[PDB]
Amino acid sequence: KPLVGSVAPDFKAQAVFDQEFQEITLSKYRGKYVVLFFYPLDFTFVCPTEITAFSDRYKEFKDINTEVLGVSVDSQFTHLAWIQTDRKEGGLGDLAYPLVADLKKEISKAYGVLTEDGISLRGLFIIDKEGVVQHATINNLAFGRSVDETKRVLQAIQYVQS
């Protein structure tokens, strides 16, 4: 019954990568660890430090066979405009990993983070090479996601599986 310990619900969605549109399938990433995270909405007045921190430190995750995937319920087109908007004027700047458009709210619903208001909560899941969910962190409010702690829990999971 619990999402942690079970096989990660698969998905096919539009994403922006290297400022172009492509189709992403979660199970195409098997053989690799995935850090899948949800944030409510693009173009808010909340500083997007939860997305940009992972972009600036993306190299540390590639170098340990981890991909990173960000998800909100905004369209591929909203993601792309937010990525081409500078950090200084409320944007994201270039982004090193895919930003997923959950336009039908099926990914947020499947992972248990969709609220009645039509947006996901703040939430992170670490998925193993065989596609099993080994960790979930879910936040009702905007405070720090520590990138140091995300990486610690992820190295703790790699250690225990080898």
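Don't overthink the numbering: it's just position in the shown sequence, from 1.
Annotation for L95: CA B-factor lies in the highest third of the chain's modelled residues. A136: CA B factor lies in the lowest third for its chain, per the PDB record. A101: CA B factor in the lowest third of modelled residues in this chain (values from the PDB entry).
In the PDB entry, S120 places in the lowest third of its chain by CA B-factor. The deposited CA B-factor of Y29 belongs to the highest third of values across its chain.
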